[PDB]
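Alright, two takes on the same chain below, each alone as structure tokens: structure 1 and structure 2.
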Structure 1
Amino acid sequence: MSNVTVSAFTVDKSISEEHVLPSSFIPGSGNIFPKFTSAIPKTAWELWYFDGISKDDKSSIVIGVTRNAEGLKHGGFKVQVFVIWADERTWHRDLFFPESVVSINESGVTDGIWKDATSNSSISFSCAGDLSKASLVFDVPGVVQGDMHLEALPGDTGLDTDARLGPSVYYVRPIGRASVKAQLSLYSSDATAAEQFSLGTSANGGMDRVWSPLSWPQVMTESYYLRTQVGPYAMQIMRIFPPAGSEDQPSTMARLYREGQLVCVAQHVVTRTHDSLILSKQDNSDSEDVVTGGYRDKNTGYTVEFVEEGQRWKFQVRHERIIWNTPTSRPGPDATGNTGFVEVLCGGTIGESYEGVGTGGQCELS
């Protein structure tokens, strides 16, 4: 091909002779192209993440497209698909492909394709060169078939901000705020039947972009993720507590937008100089429509305070529905695990009561 830059990872085939060079964080960029190209630390990983959640019916789709070093040796490159219907039924596969190819083409479009030529099966994504739009095609016969579309909402892109998440992780938000659609056919375990999934109306989400040379165990013991449009407000929170045996503070990459204007850029999480975030969890059973992780963390929700005589933004986060529960420990009375949530939100400034839904995920390593 001509004027097309490519990084091809094939299972059981060396990357040592890839022409393209590795990079770190590129300020002001989406950073969509892979960082580990011709050499990959044995613990390193890369993530292209997309989601959408409908406010009208709370259907939700969560996509995780990964590379890691281990994958090049053994087992391939994992793609995680999680869906929840309005009625709270859930569908989710971990799918592994032997080949992972990312492309920047002559137009400046970036394409990724995780594929298996043997099964004639693939999941791909495409990002416009101006990050106005991204889309995904699912084509795994008798598992998942369909697509997903994201349109960036007017306003600040937030790409001119720091993407460090503590000292060893990068977390860019290539599409911070987005309207999202999705039409999927999701097959049973035996591949004999299928159900239609249509993401509900008034759905927001986005695209995140994350890598580290270290495995997350060496990075975090706990993590919480939130993404939400709440009236004129949009926010993204990624908060981690540093690994066991560390004097480091909790790191955050938190952003608050108002009518598309970026109004708060927290890279510091505090309690009670720099834009900062308070993120404190609750256990009260105020209302009936509440739920919790199926592991040791029994929190029902969070309070989210953004602090700029600066203006003040507070939001209650109620866990209403479970998208997923996946373990990170043997079962027990003190088991840890990962939980995906349909989040319900309410707040803003003093006096304000805007309502939204959001995706959230909390992870604890044992």
Structure 2
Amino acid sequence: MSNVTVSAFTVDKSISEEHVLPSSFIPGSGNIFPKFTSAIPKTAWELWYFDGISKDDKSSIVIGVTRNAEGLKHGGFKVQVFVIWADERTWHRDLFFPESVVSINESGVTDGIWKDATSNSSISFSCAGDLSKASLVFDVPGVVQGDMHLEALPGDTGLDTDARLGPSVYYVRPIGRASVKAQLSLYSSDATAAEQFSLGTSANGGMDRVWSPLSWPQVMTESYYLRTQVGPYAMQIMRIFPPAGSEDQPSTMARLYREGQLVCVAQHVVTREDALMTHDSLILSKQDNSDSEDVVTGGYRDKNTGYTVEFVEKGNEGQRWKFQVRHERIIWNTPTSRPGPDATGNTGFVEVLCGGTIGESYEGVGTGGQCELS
């Protein structure tokens, strides 16, 4: 009943056994529309990611809307929802929907609807054509109901930058920098009680769009995610280490903004400020200050308490921005191996940051995540 372009998947019919090639990356675009349009191969995956974190009280919300075959045994395509309250209570669900539909409508809005007709449940996202905002509607009775809204902050969009994350993954950032609001009713597992969640004030966040034809262990052994507003600064980092047995350099899709102006476009990871002066570069190193009072580690074999971030502008005269990243609160700990002293895992953090150029000590909070595969 309207002039739509549509990719309608069901978990029963859209998972292919043969290998499929995805449509190509659209430079300068949010790439919101799915790249595996008719069927998705067993190893491939697609991600629509949204988060926000309150500078005022450190409440935070994290949404992963995915297509991939791993949910097949679970009854559909997975959506992940994590929240942490100001008081560090947490809530989480993996939700599986048989139907996933992404469409572009007559006004240019791209809508994604993950639905489960027989439980009257759905989670949807909606991206404005100009990516000036995106909103989500949670409608899962007895589980989660409410909405989330992201508004793009003024300035450069960063969409005219390289989105490759190594040779097998594309990491696009449709909304790099946004203000965020979220209100949810969150139910207990038995659905007899519900708690209210309101994202705190002065919340920042954004939206990322990620996809690959290869499984996670085929593209990386470890990843670090970070998104934060630090006074005038805003930065988004994804850094991976190459898969086991490879010998590539680490990869990164890392960006630094100042007053909304994109000032460092780092596609390379280095260990030293002079290692690669022909390119904007990133130094990302773990820290271990287990004696500090305001720090946490993940719940697996990585005992790092934080990271040092340094953006190194290109050139002999290039600027340098350095930020300390301290893990302050645990949003989630989920395993990527069987239990044990050497177990690996995936941890989400409320991060606290401080830094800038020399002579600056701006502060903010951010969302962090680290995953180590085995």
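Each residue is numbered by where it sits in the sequence of structure 1, with counting from 1. Throughout, rigid core stands for the largest set of C-alpha atoms superposing within 1.5 Å between the two forms. Residues that one form lacks are left out of the comparison.
Visitor: After superposing the two forms on their rigid core, pick out the one entry in 57, 320, 297, 70 with a CA shift of 2 Å or more between structures 1 and 2.
Guide: Among the listed residues, the one whose C-alpha moves by 2 Å or more is 70.
Visitor: Fitting the rigid core first, would the Cα of residue 192 be found 2 Å or more away between structures 1 and 2?
Guide: No, the C-alpha moves less than 2 Å.
Visitor: Is there a C-alpha shift of 2 Å or more at residue 286 between structures 1 and 2 once the rigid core is superposed?
Guide: Yes; residue 286 is a residue whose C-alpha shifts (by 2 Å or more) between structures 1 and 2 when the cores are overlaid.
Visitor: By the 2 angstroms cut-off, has the C-alpha of residue 350 moved between structures 1 and 2 once the rigid core is superposed?
Guide: It does not reach a 2 Å shift.
Visitor: Could you tell me how many Å the Cα atom of residue 13 shifts between structures 1 and 2 when the rigid core is held superposed?
Guide: Here residue 13 registers a C-alpha shift of 2.4 Å.
Visitor: So with the rigid core superposed, the C-alpha of residue 24 shifts by how many Å between structures 1 and 2?
Guide: Superposing on the rigid core gives a C-alpha shift of 1.4 Å for residue 24.
Visitor: Give the residue ranges, in sequence order, where three or more consecutive C-alphas each shift by 2 Å or more between structures 1 and 2 after rigid core alignment.
Guide: Runs with every C-alpha shifted by at least 2 Å: 13-22, 39-41, 69-75, 285-287.
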